[PDB]
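Colleague: I am attaching a structure below and will ask some questions about it afterwards.
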Amino acid sequence: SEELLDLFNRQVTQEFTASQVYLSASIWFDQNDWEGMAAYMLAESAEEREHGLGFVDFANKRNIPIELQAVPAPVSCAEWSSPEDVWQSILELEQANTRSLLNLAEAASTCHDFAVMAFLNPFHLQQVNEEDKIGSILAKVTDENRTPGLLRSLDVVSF
Amino acid sequence: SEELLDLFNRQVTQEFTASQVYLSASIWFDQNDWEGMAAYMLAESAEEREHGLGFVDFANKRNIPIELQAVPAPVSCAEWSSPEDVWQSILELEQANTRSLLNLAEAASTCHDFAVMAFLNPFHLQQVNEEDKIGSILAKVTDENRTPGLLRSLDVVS
Amino acid sequence: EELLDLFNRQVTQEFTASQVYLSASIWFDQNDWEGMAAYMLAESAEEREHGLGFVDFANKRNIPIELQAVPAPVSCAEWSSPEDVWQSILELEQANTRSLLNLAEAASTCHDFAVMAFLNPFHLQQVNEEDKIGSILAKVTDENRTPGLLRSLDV
Amino acid sequence: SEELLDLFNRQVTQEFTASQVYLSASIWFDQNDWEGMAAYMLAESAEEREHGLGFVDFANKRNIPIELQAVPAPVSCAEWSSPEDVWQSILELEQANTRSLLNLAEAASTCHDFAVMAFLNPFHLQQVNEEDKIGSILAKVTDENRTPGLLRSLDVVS
Amino acid sequence: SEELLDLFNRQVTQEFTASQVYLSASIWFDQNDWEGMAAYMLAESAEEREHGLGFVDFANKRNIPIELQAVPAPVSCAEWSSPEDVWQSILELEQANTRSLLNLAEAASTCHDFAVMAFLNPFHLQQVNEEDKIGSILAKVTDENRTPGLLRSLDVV
Amino acid sequence: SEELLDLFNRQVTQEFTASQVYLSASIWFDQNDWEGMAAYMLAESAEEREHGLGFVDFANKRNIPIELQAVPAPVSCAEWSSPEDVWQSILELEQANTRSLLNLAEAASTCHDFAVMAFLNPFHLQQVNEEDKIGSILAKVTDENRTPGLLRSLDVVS
Ligand SMILES: [Zn+2]
Ligand SMILES: [Zn+2]
Ligand SMILES: [Zn+2]
Ligand SMILES: [Zn+2]
Ligand SMILES: [Zn+2]
Ligand SMILES: [Zn+2]
Ligand SMILES: [Zn+2]
Ligand SMILES: [Zn+2]
Ligand SMILES: [Zn+2]
Ligand SMILES: [Zn+2]
Ligand SMILES: [Zn+2]
Ligand SMILES: [Zn+2]
Ligand SMILES: [Zn+2]
Ligand SMILES: [Zn+2]
Ligand SMILES: [Zn+2]
Ligand SMILES: [Zn+2]
Ligand SMILES: [Zn+2]
Ligand SMILES: [Zn+2]
Ligand SMILES: [Zn+2]
Ligand SMILES: [Zn+2]
Ligand SMILES: [Zn+2]
């Protein structure tokens, strides 16, 4: 059925888009001397690409034809002015990855596609851990940034 | 030297664009049961991604501002009907990557940007190896494909 | 020949920079920034190795070297905080980058491909050092906004 | 003496001429994307040069004056249009290296030069092994080349 | 251009010519019982051949057509009489090959051939180290040969 | 007090001055193809700089203000024309540095500065060893330089 095929392709695009947006965050961090937060975003960019590639591989195995779409330019970088803005956009990015996965799971449930649902399970649990972790980092950032220089003092350690 | 900063940015785009094209080739091979050619392309896709990241890292160190551009949808895949069409497209892709590196070096030379020229030196030599390698694979593919089934034999001898 | 002049001058620049890093190490130590002082001391040794590297290449290439005086560092009398020191160190490295580029430009006019090849790893090294220094100065300047917080990070 | 000193010098030229012909073959193979055959010819070029050096070293010990001659430009490479042509020329090169050693041994025998004859023994036996190996490769080449693409699938293997 | 391709092809001939001239030096040293110097020249003959093979390999990768030329017979050897004569010819051989590399780089530079320039960099630096090493052996040889027999000491390396 | 703190400050200049003059000797030897003597001088150059840095470190610890002075250009190198000239200058350099440490210890002695005197003890014993070592190399050099070529054939050994 075509909607499942459509949503499956859209997931690939969403993971590669997340990959670029994480890469954009690394660059912002780096240009602004937050080497540790830049390292973390770089590692996450590589991880989102791996998610994308796992969907491509599953799709190839299951005969779901994939046609790669444009990966848009990240644009939030234009307006980030502190680490708190960057981490807030990364949280929103991950909340969007979770919504597209839940959409995909909903369509497969409708279609009684037990294999796609089994395939998605570890991704549902990984988004739980990912949102939890970003939420935690954002809480620390917005707390420590209430004292000048304190946040920097902790890029240096943690990350 | 706005020209240099522009060519440096576009170089990131070209490496990430090549990564996507290699990924599209890996998908087309996979869908047509060329698993060995698919893993080869998938490896090259990750490697093009690493090149781009290496440009980004250098640009960050040298205060060359990077803004990531869209990576366009690959479109050669619509038209491939055999492994030879894919490998031909990958050859032309690398020849465009080579051209683009050489343009960027020309711009660096003109600016006397010696750091940029030194940074590019190993990429120039890498392109020489990459085109040679593809050229040789395309020669073998084009020869073996003259007998039905024989090319299939050598996907597996990989 | 401007190329020989400049090559012999690069030796002096490296040893000059070695002494400026040693001066920074002294100011840090005297003001109880041991971490920062350790760091400048290791960079002082490193500049000296760059100078020895130019002397060795020149000897091999028959570029006559005559050692000049190594000028006294002048910036230390003015430094009042770690920000002043790291700022002067950034300028010192910028000056050295400029001087390696002018050397490479003379070598390029003369078609001296060997000297150009010899300089390549130095050009790339300067890019990494200016980046590292810029990044440390950024942290210093941010952390110094809260009394005593910078100390937390030397240590 | 005379005849023996001249032939011993000529043998040095012959080994190094052979080294260069093998190198010409490696280049032709490489330019036409036969990497495995190319590697084999490169490995043989180095080994011919070693034979050459072995003669020089023996001559030096036995006070035979060596004057190094021009090593001629390889010319068969102008004519090669497939792998079979290259292997054929290599087989004929080795049959002439064999002739040259046998002629040397002949002059040594006449002069009753037992040390020279002892020195050449392993080379005569090595020529037997070389002509046999090349004959056998040329047989396989000319058999595989009867199906388009098949030869290529076996540069890749062997 | 014609020129850059002619020069690359010739550079192979240059490295193989240097290989034979080092072989000719080893032979002269061996015939004159300078075993240590003979072994040095023999190892340098192999290395020049490796340089030539390095150019051939690059040329194949880069589609620069190579046709091997004759490697001329070594000439200096007929007139060497003492180790100083040999070392001086070897220095001159190395100086010539440095000029031949700089001329190739210049041709590559005119054509904006960045790949050939990059490929050449380690060879330019290698020449600097070779000329230096030979110049220094030659200074020692011409100093020790002032006392009869003493230079036999350099040889027992 | 003033005189002691000044002499301590200027001991740093004397060590760094000695470092540069060793470096200059290493350059003269290298330029004249005495690589063995050049390596020896280079290593002593690094050692004189470590002695300087030992003074700086102790001064930092004992709150003796250090103001780094110009390190003078070495000038003996303009008149050196044989290895014996270089080694004789190096000997005078070390005798000068010994006198310079003894004066420092004498000022510390008048000041009852037991810490400085303890700090200096191993430097005094090091100067003894260095003078003896250089005296000994100089005697060998002067003796061997009586026969042309002979000194050369001992840079090579050592
Ligand atoms: Zn960075
Ligand atoms: Zn993650
Ligand atoms: Zn994901
Ligand atoms: Zn994610
Ligand atoms: Zn598959
Ligand atoms: Zn690759
Ligand atoms: Zn690339
Ligand atoms: Zn590529
Ligand atoms: Zn201290
Ligand atoms: Zn430096
Ligand atoms: Zn530096
Ligand atoms: Zn090849
Ligand atoms: Zn063989
Ligand atoms: Zn042979
Ligand atoms: Zn043979
Ligand atoms: Zn011998
Ligand atoms: Zn060479
Ligand atoms: Zn050479
Ligand atoms: Zn030297
Ligand atoms: Zn000392
Ligand atoms: Zn001393």
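Ordering of the structure tokens sets the chain letters (A, B, ...), residue numbers begin anew at 1 in every chain, and ligands are numbered from 1 in the order given.
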Write out the coordinates of chain D as a compact mmCIF listing (two decimals) with C-alpha atoms, in the first residue's frame after a least-squares overlay onto chain F built on all ordered Cα pairs.

Modeller:
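Ended up saving to superposed.txt:
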# COMPACT_ATOMS: atom_id res chain seq x y z
CA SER D 1 69.06 40.96 48.06
CA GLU D 2 69.43 43.56 45.28
CA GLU D 3 72.85 42.15 44.08
CA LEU D 4 71.63 38.56 44.49
CA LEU D 5 68.33 39.19 42.46
CA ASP D 6 70.31 40.85 39.61
CA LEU D 7 72.94 38.05 39.48
CA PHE D 8 70.27 35.39 39.52
CA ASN D 9 68.57 37.04 36.53
CA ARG D 10 71.88 37.39 34.75
CA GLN D 11 72.55 33.66 35.22
CA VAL D 12 69.39 32.91 33.21
CA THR D 13 70.76 35.15 30.38
CA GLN D 14 74.12 33.39 30.62
CA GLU D 15 72.61 29.89 30.23
CA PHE D 16 70.57 30.92 27.27
CA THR D 17 73.49 32.82 25.66
CA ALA D 18 75.49 29.59 26.14
CA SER D 19 72.63 27.63 24.50
CA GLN D 20 72.85 29.90 21.44
CA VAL D 21 76.64 29.72 21.24
CA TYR D 22 76.42 25.90 21.23
CA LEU D 23 73.84 26.16 18.52
CA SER D 24 76.22 28.40 16.48
CA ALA D 25 78.87 25.74 16.89
CA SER D 26 76.52 22.98 15.72
CA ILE D 27 75.72 25.05 12.60
CA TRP D 28 79.39 25.76 11.82
CA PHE D 29 80.14 22.03 12.25
CA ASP D 30 77.22 21.03 10.12
CA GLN D 31 78.05 23.50 7.34
CA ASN D 32 81.57 21.99 7.22
CA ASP D 33 80.37 18.40 7.35
CA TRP D 34 81.35 17.52 10.87
CA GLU D 35 78.02 15.71 11.70
CA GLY D 36 79.11 14.04 14.87
CA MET D 37 80.52 17.21 16.38
CA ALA D 38 77.46 19.02 15.15
CA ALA D 39 75.12 16.54 16.96
CA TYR D 40 77.17 16.96 20.15
CA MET D 41 76.87 20.76 20.07
CA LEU D 42 73.13 20.52 19.32
CA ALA D 43 72.71 18.18 22.37
CA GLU D 44 74.64 20.63 24.52
CA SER D 45 72.57 23.63 23.32
CA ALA D 46 69.38 21.85 24.52
CA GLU D 47 71.03 21.09 27.87
CA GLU D 48 72.06 24.75 28.40
CA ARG D 49 68.53 25.85 27.78
CA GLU D 50 67.47 23.25 30.45
CA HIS D 51 69.86 24.77 32.91
CA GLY D 52 68.34 28.17 32.10
CA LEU D 53 64.79 26.85 32.67
CA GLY D 54 65.98 25.27 36.02
CA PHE D 55 67.04 28.76 37.21
CA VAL D 56 63.82 30.38 36.10
CA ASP D 57 61.79 27.67 37.89
CA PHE D 58 63.73 28.10 41.11
CA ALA D 59 63.49 31.88 40.88
CA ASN D 60 59.66 31.63 40.36
CA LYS D 61 59.38 29.38 43.54
CA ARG D 62 61.59 31.60 45.62
CA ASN D 63 59.84 34.83 44.46
CA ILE D 64 62.91 36.18 42.66
CA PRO D 65 61.43 38.30 39.84
CA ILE D 66 62.82 37.12 36.44
CA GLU D 67 62.70 39.53 33.52
CA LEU D 68 63.98 37.79 30.38
CA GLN D 69 66.81 39.76 28.61
CA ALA D 70 67.82 39.79 24.98
CA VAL D 71 69.88 36.72 24.18
CA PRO D 72 72.84 38.12 22.22
CA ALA D 73 73.86 37.04 18.66
CA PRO D 74 76.78 34.55 18.90
CA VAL D 75 79.92 36.20 17.32
CA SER D 76 82.84 33.70 17.72
CA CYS D 77 81.51 31.86 14.74
CA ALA D 78 82.72 34.68 12.52
CA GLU D 79 86.31 33.68 13.45
CA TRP D 80 86.16 29.84 13.36
CA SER D 81 88.21 28.27 10.65
CA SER D 82 88.79 24.77 11.98
CA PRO D 83 87.29 22.45 14.60
CA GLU D 84 89.96 23.31 17.05
CA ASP D 85 88.88 26.99 17.04
CA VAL D 86 85.22 25.93 17.85
CA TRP D 87 86.17 23.63 20.74
CA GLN D 88 88.46 26.33 22.13
CA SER D 89 85.61 28.88 22.12
CA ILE D 90 83.30 26.28 23.76
CA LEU D 91 85.87 25.65 26.52
CA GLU D 92 86.08 29.41 27.16
CA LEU D 93 82.25 29.64 27.14
CA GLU D 94 82.08 26.97 29.84
CA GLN D 95 84.87 28.59 31.93
CA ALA D 96 82.76 31.77 31.89
CA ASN D 97 79.49 29.86 32.81
CA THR D 98 81.63 28.44 35.81
CA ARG D 99 82.80 31.92 36.81
CA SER D 100 79.23 33.21 36.64
CA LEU D 101 77.91 30.37 38.91
CA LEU D 102 80.77 30.93 41.38
CA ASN D 103 79.99 34.60 41.50
CA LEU D 104 76.37 33.87 42.11
CA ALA D 105 77.34 31.45 44.92
CA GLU D 106 79.56 34.18 46.40
CA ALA D 107 76.71 36.71 46.60
CA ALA D 108 74.39 34.00 48.01
CA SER D 109 77.07 33.18 50.71
CA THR D 110 77.38 36.83 51.71
CA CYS D 111 73.60 37.12 52.08
CA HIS D 112 73.64 33.83 54.01
CA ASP D 113 71.14 32.52 51.40
CA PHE D 114 71.42 28.77 52.23
CA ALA D 115 68.67 27.70 49.92
CA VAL D 116 70.33 29.38 46.91
CA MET D 117 73.66 27.81 47.86
CA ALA D 118 72.03 24.34 48.14
CA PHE D 119 70.34 24.89 44.79
CA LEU D 120 73.67 25.77 43.02
CA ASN D 121 75.67 22.74 44.37
CA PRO D 122 74.83 20.31 41.59
CA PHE D 123 75.51 23.01 39.03
CA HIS D 124 78.99 23.63 40.46
CA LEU D 125 79.70 19.91 40.20
CA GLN D 126 78.23 19.69 36.69
CA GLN D 127 80.57 22.58 35.58
CA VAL D 128 83.55 20.51 36.83
CA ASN D 129 82.41 17.59 34.66
CA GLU D 130 81.69 19.86 31.63
CA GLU D 131 85.07 21.68 31.65
CA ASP D 132 86.85 18.32 32.06
CA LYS D 133 84.94 16.72 29.12
CA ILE D 134 85.50 19.73 26.83
CA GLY D 135 89.21 19.90 27.80
CA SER D 136 89.59 16.32 26.93
CA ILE D 137 87.84 16.65 23.54
CA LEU D 138 89.93 19.74 22.69
CA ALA D 139 93.16 17.72 23.54
CA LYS D 140 92.11 14.94 21.24
CA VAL D 141 91.14 17.36 18.46
CA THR D 142 94.35 19.26 18.57
CA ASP D 143 96.35 16.01 18.60
CA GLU D 144 94.42 14.35 15.71
CA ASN D 145 94.46 17.48 13.63
CA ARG D 146 98.27 17.18 13.25
CA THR D 147 97.75 14.61 10.47
CA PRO D 148 95.60 15.69 7.48
CA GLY D 149 92.33 13.86 7.36
CA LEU D 150 92.85 12.06 10.69
CA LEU D 151 90.43 14.30 12.64
CA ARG D 152 87.77 13.46 10.10
CA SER D 153 88.14 9.74 10.53
CA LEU D 154 87.21 10.36 14.20
CA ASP D 155 84.11 12.63 13.85
CA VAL D 156 82.95 9.42 12.01
CA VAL D 157 84.01 7.20 14.94
CA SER D 158 83.25 9.17 18.16

Colleague: Can you pull out every residue within 9 Å of residue 88 (chain A), counting only C-alpha atoms, but drop anything in the same chain fewer than 6 positions away, and send it as a tab-separated table (two decimals) with C-alpha atoms, in the first residue's frame?

Modeller:
chain	number	residue	atom	x	y	z
A	134	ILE	CA	18.43	16.10	25.41
A	135	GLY	CA	15.84	17.28	27.94
A	138	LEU	CA	18.88	21.41	28.12

Colleague: With only C-alpha atoms considered, list every residue of chain C at most 12 Å from chain E, as a list in words.

Modeller: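 The contacting residues on chain C are residues 56, 57, 58, 59, 60, 61, 62, 63, 108, 109, 110, 111, 112, 113, 114, 115, 116, 117, 118, 119, 120 and 121 of chain C.
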
Colleague: Could the residues of chain C within 9 Å of chain A, counting only C-alpha atoms, be given as a list in words, please?

Modeller: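 So the contacting residues turn out to be residues 134, 135, 136, 138, 139, 140, 141, 142, 143, 144, 145, 146, 149, 150, 152 and 153 of chain C.
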
Colleague: Since we have the selection now, will you write its residues out, keeping C-alpha atoms, as a short mmCIF file (atom, residue, chain, number, x, y, z; two decimals), in the first residue's frame?

Modeller:
data_model
loop_
_atom_site.label_atom_id
_atom_site.label_comp_id
_atom_site.auth_asym_id
_atom_site.auth_seq_id
_atom_site.Cartn_x
_atom_site.Cartn_y
_atom_site.Cartn_z
CA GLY C 134 41.47 31.48 19.82
CA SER C 135 39.42 28.82 21.47
CA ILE C 136 41.33 29.08 24.81
CA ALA C 138 37.24 32.60 24.20
CA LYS C 139 36.88 30.40 27.28
CA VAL C 140 39.19 32.67 29.38
CA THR C 141 37.25 35.75 28.40
CA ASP C 142 33.88 34.13 29.19
CA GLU C 143 34.96 32.52 32.50
CA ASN C 144 36.72 35.63 33.76
CA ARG C 145 33.31 37.34 33.95
CA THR C 146 32.63 35.64 37.33
CA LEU C 149 35.65 31.02 38.07
CA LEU C 150 38.68 31.13 35.73
CA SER C 152 38.46 26.78 38.68
CA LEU C 153 39.73 26.00 35.17
#

Colleague: I'd like the contact shell of residue 25 (chain C) - 9 Å cut-off, only C-alpha atoms, skipping same-chain residues fewer than 6 positions apart - returned as a JSON list (two decimals) with C-alpha atoms, in the first residue's frame.

Modeller:
[["chain", "number", "residue", "atom", "x", "y", "z"],
["C", 33, "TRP", "CA", 48.22, 29.78, 37.28],
["C", 34, "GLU", "CA", 50.25, 26.48, 37.15],
["C", 36, "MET", "CA", 48.50, 27.85, 32.09],
["C", 37, "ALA", "CA", 52.21, 28.15, 33.00],
["C", 38, "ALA", "CA", 52.74, 24.42, 32.12],
["C", 39, "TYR", "CA", 51.07, 24.98, 28.82],
["C", 40, "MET", "CA", 53.17, 28.01, 27.84],
["C", 41, "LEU", "CA", 56.35, 26.24, 28.83],
["C", 44, "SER", "CA", 58.09, 27.55, 24.35]]

Colleague: Go through the chains and note each residue within 8 Å of ligand 18, using only C-alpha atoms and all ligand atoms, then give the set as a list in words.

Modeller: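 Taking only C-alpha atoms and all ligand atoms into account, the residues around ligand 18 at most 8 Å away are residues 15, 18, 44, 47, 48, 51, 93, 94, 97, 126, 127 and 130 of chain E.
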
Colleague: Chain D: which residues are alpha helix (DSSP H) by DSSP, as a ChimeraX atom specification?

Modeller: /D:2-31,35-61,83-110,114-144,150-156
